[PDB]
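One chain follows as structure tokens, the form deposited in one PDB entry.
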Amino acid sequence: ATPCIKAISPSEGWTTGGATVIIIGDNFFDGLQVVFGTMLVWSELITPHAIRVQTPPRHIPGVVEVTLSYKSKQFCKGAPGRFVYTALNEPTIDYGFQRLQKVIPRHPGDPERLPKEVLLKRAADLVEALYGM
């Protein structure tokens, strides 16, 4: 009757945290906590087979073990969930945004530096016109 993790969805998120994640498994109950590496968060019980959490921030990117905890007892250490944190400022991601900043078309009224949301919006507009539909 111990809580067990069978799957986690999504399995990745940004280091800034705040993503909704569903943990699927067995023997869940109200009050169960979830630990991402060392970062503990509380959960919402959906059914005994699913709980919902918001990811905690993590200082560094990388793979973490996801385990469960209740009254400081750890569960799932022998079969932990896997969750991957990515940093928006990882050098290869950042270099991609720097490339886009130089060639994304600027529209009247734009700020001097286009925000990343806009770089991505217009890159997708352009790629959709090439390969979309």
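Counting begins at 1, following the sequence as shown.
The next section is about a form of this same protein that is not shown, the form deposited in another entry.
Pick out which of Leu45, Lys77, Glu90, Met39 lies at the hinge where one rigid part swings against the other between the shown form and the other one.
Answer by hinge criterion: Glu90.
Answer with closer or farther for the CA-CA spacing of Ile93 and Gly18 in the other form compared to the shown form; it moves by 3 Å or more.
Between the C-alphas of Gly18 and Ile93, the gap narrows in the other form (3 Å or more compared with this form).
Closer or farther: the CA pair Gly13/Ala124 in the other form, versus this form, with a change of 3 Å or more?
Farther is correct, given that in the other form the C-alpha spacing of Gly13 to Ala124 is increased by at least 3 Å.
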